[PDB]
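As they're listed, the protein sequences go chains A, B, C, D, E and F. By the count of this note's numbering, the first sequence reaches residue 299 at its end, each step adding exactly one. By the count of this note's numbering, the second sequence reaches residue 654 at its end, each step adding exactly one. By the count of this note's numbering, the third sequence reaches residue 55 at its end, each step adding exactly one. By the count of this note's numbering, the fourth sequence reaches residue 182 at its end, each step adding exactly one. By the count of this note's numbering, the fifth sequence reaches residue 105 at its end, each step adding exactly one. By the count of this note's numbering, the sixth sequence reaches residue 288 at its end, each step adding exactly one. Where a beta carbon is used, it is the ideal one built from N, C-alpha and C, also for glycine. A short write-up of the structure that comes next.
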Amino acid sequence: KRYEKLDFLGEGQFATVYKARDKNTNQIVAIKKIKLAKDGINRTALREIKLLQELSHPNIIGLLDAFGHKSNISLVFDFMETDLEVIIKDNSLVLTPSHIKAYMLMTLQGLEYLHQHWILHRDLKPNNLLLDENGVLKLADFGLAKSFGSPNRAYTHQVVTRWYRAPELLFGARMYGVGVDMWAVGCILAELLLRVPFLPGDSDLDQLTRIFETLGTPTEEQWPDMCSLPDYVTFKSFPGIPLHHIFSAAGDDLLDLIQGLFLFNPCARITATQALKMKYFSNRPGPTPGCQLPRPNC
Amino acid sequence: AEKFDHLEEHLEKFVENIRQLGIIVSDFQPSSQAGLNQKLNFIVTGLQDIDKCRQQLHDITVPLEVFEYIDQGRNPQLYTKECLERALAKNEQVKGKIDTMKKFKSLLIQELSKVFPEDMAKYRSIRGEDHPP
Amino acid sequence: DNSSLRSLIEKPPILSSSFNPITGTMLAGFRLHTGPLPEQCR
Amino acid sequence: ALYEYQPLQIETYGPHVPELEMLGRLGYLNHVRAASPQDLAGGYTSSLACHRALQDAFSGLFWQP
Amino acid sequence: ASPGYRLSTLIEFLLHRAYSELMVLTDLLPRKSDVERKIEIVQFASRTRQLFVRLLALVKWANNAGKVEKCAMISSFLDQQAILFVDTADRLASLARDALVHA
Amino acid sequence: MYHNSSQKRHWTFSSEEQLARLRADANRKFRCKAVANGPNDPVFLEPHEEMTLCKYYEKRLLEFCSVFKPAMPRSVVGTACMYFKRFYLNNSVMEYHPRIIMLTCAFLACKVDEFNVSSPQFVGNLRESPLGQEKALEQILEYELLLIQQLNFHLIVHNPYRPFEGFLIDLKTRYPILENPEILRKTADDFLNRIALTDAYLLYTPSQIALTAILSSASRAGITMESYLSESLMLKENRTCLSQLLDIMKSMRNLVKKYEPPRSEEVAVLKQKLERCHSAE
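Shown next as structure tokens:
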């Protein structure tokens, strides 16, 4: 009626995404139809709608439209050719420190906006960092995203992809701040520097073991008041690998950024704003312009 | 071998079906009536018959390298000859090595027998235990 | 590029147990006009 | 072509809200329920609640349609 | 045992993938140009036909499905011992000096 | 955040006249739709009668969200009532019955806010037979997409409760003249309920609604809090902003003053005429 399907982009466990073109602006969009008991419109779709309707940033996906028919709906976002995962996994295209800095800058600017609006993207991973041909990174899906400000609210500890989960979520923190997004951002940066998933865990216990053996188990002066979380279990005291050994070709400023994003104390962990103010982003290799970022061709 | 044949006709049946559909669509004229959709029906129904046909020949196991020859359009029959030359030549390796190191066993033990007189019987036991009894 | 069939076996889950959803009525797109075809030889 | 950080000026139509760090030493956190030690183990600090309440209190006051 | 693909599974995927591909094409055909819709069908039919030709050769070869992997492993086993002895021998040269040093 | 919200951008209108324009436009649209399809039948409702029925069914919406068997948070109730207000701002009561839309607004508010309630529970909160509960759930699910479409997919509602709490915090902090601002809490809860009964949610920011509740409670309790406006909010210098805020607060206080609750006989007659309009479609 107003949008014409162009390509069969794919599916997620609650959506079917088709490339499309509107007959009003000949702009290429991505339409997302939601599938279908006795509950009504799926809550992930409503969460997408409600959160993305009140955000407008360069680096957050925006639903250009939303509509639907009997018992089912379709959202309409900017069409994003790739995500950061296909850029990471493609061995053909290199990620110079400037390219890494560009991806990090776009991610943290979007997340700084999202956190100034007291919304928490509780699922941040290279799969969910889309980017268009203009090389503008956008935070992809908000189907598990919440408002973290008010306290009377009991959150859930199980919501973020395991590999990009903060230690406190694995320990079962029912209440958390921006530290979950920032830990996932640190893990994204680590995967962006290594091109392979930092801390790939087979379970929550395995994810915690790998976090602790890679960074050192927190000693309660680094993460004071840790032992109070609902699912805390004591761990063998791992030494942890020095960061200049995990990332052997990262500058000292980048190492400080890594250390800040990977602090165990979810309150000493740097926020998007103070991450953006660190010397890494202001140092000599400027981020690449979105026009010069590499695109995975086919 | 009856099942082997039974699957084969269905496979070649599909190939003929594709050609007929390809020719019909290529040579499309108004003088064709209900002759196109029927061919597609024979195709879709033809595909389903193959699924039932692959299960009676389930016992057949295709080696990985053989399908590699098929994938690249190589000569799987030549590989059978290659294996034939492979086994025949390397059967001489195991036997040739064995015979090479068996004569060293027989002659050396005979040499030990000609140097030590007081330990003569023991050397005869070495050869006995050097066999696979 | 023709080694797909080898690659197709490492990911059986791409095709569910029996068959993918099928709707014969939706196959009306196979209703074809009578037009020519360039850059294609028989 | 280096990068300089700009503080993301988003114009709230209301009185100024003090910063989150400069919020316990102005006295606000005395009148907010203290975060439990378990809550503090995560990223929650009882100044997030105070800061959100103050930002929604002053979000639109100097604004009509 | 592992070095080998089941014949039944090999046939299973191609039938469905060709079916799955066709279903993917069925969506794109209605919304394409009159001259372009035929290109997809002809290319898909020719490409799909070629994929089926591989199985035809595979089945006609099935008579040798039993005695090819047997010799492949046997030949490697003979090669393994034939070369393991050489790799074995190279080790002693070090041991004839390293072990003497250790002793 | 409200200052960036879609509630500020679209659902915050300049005057009650624009609200009456929207509602009269919706009523006229339904009337013309009924006439042009098979011309002045007295079965129709007037815009003011529609407003009376809307006030009545918003009262019933508060009653339902107050007796909800799981303790419904007050943000959820505020969101549901805001949805009711908007939906019937742009839609006619005779097209969609306000009881089904009442329940649908409650349902969507329970889902948009993260008050996780299963559908069997939600319909168990209805004083109807299990058959009636099943049918009510069917209607709610039928009307949920319609409700979301009629909201223009603007599902985030900003309620005056969090600005109320933030003003209370700032008032205990930087306003030592006031001691124990929780007497203000009780009286401002009363005034905030009163002001939620009216159409002020579509006309003023939640911050202004909360500040008006607080300063109204002070004025009723004899406290003067002009030093909290001029000082401690730095309206001492932008005098025009201070007078603008005072005009907003006076306007909204008067708006609560002139609110006339729906009657008992009038609501009975309107319910009967509405059910006759719905039965004969």
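So, residue 278/A versus residue 254/A, is the Cβ gap smaller than 8 Å?
Their beta carbons are not under 8 Å apart, which means residue 278/A does not touch residue 254/A by this criterion.
Candidates 146/F, 205/F, 226/F and 214/F: which alpha carbon is nearest residue 185/F's?
226/F
One or two residues paired with residue 6/E in a DSSP bridge
584/B
Is there a C-beta anywhere in chain E that falls below 8 Å from the one on residue 5/A?
yes
Taking 8 Å as the threshold (C-beta atoms), are residue 108/A and residue 42/A in contact?
no
Please list, in chain order, the chain A residues whose beta carbon lies closer than 7 Å to that of residue 39/E.
Those do not exist, as residue 39/E stays about 15 Å from chain A at its closest Cβ, beyond 7 Å.
Any beta carbon from chain E within less than 8 Å of residue 575/B's own beta carbon?
Closer than 8 Å to some Cβ of chain E, the Cβ of residue 575/B qualifies, so yes.
Just verifying my parser: in three-state terms, what is the DSSP assignment at residue 50/A?
helix
Please go through the same chain and pick out, in chain order, the residues whose beta-carbon is closer than 7 Å to the beta-carbon of residue 178/A, but skip the five residues on each side of it.
149 and 267
Which residue's Cα is closest to the Cα of residue 264/F: 37/F, 200/F and 107/F?
200/F
Would you kindly check if the distance between the Cβ of residue 192/A and the Cβ of residue 296/A is under 8 Å?
no
Considering only the alpha carbon of each residue, which of 89/F, 52/F and 194/F lies closest to residue 65/F?
89/F
For residue 151/A, return the contacting residues in chain F, with the cut-off set at a CB-CB distance below 8 Å.
169
Determine, using beta carbons only, whether residue 37/C comes closer than 8 Å to chain E.
Residue 37/C does not count as touching chain E.
Near residue 37/F, what residues of its chain come up, given a Cβ to Cβ distance below 7 Å and the 5 sequence neighbours on each side ignored?
99, 101 and 102
Going by CA-CA distance only, name the one from 140/A, 227/A and 194/A that's closest to residue 154/D.
227/A
Under 9 Å between beta-carbons, which chain F residues line up against residue 159/A? List them in chain order, please.
Neighbours of residue 159/A on chain F: none; closest Cβ ~14 Å, over 9 Å.
Taking only runs of the alpha helix (DSSP H) that begin and end inside the region 198-235 of chain A, which ones reach a length of at least 4 residues, in chain order?
205-216
Whose Cβ in chain C lies nearer than 7 Å to the Cβ of residue 547/B?
55
Establish whether the CB of residue 653/B and some CB of chain E are separated by less than 8 Å.
So no, residue 653/B is outside the interface.
Can you tell me whether residue 237/A is buried or exposed, with buried defined as 16 or more other CB within 10 angstroms of its CB?
exposed
Compute the distance between the beta-carbons of residue 162/F and residue 155/F, then report whether it is under 8 Å.
yes
Write down the C-beta distance between residue 122/F and residue 79/F rounded to the nearest angstrom, noting that I regard them as a contact closer than 8 Å.
Between residue 79/F and residue 122/F the Cβ distance is about 6 Å, and since that is below 8 Å, they are a contact.
Could you give the first and the last residue of the continuous alpha helix (DSSP H) run that contains residue 17/C?
It spans 17-21 - the alpha helix (DSSP H) in which residue 17/C sits, taken as one unbroken run.
Can you give me the C-alpha to C-alpha distance between residue 221/F and residue 10/F, rounded to a whole angstrom?
Taken atom to atom, the span from the alpha-carbon of residue 221/F to that of residue 10/F is near 21 Å.
Residue range of the beta strand (DSSP E) that residue 266/F falls in?
Looking at the DSSP string, residue 266/F is not in any beta strand (DSSP E), and its letter there is neither H nor E.
Anything in chain E within Cβ reach of residue 9/A, meaning under 8 Å, just list it in chain order.
26, 29 and 30
Under 8 Å between C-beta atoms of residue 287/A and residue 119/D:
yes
Within 8 Å of any Cβ in chain A, is that where the Cβ of residue 187/F sits?
no
8 Å Cβ cutoff, residue 49/E in contact with chain I:
Of the chains in the structure shown, none is chain I; the protein chains are A, B, C, D, E and F.
Segment contact, 8 Å Cβ cut-off, at least three pairs: the region 19-38 of chain A with the region 3-11 of chain A
The region 19-38 of chain A, when compared against the region 3-11 of chain A, does touch it at the 8 Å Cβ threshold.
Who pairs with residue 66/A in a beta bridge, going by DSSP?
77/A
From the DSSP output, which residues share a beta bridge with residue 122/A?
146/A
If we call anything under 8 Å between Cβ atoms a contact, is residue 140/A one with residue 115/A?
Yes.
Just to confirm my understanding: we take residue 10/A, look at its own chain, exclude 5 residues before and 5 after, and list those with CB closer than 7 Å. What are they?
18, 19, 20 and 31
Determine the direct distance from the alpha carbon of residue 136/F to that of residue 104/F, and round the result to whole angstroms.
20 Å
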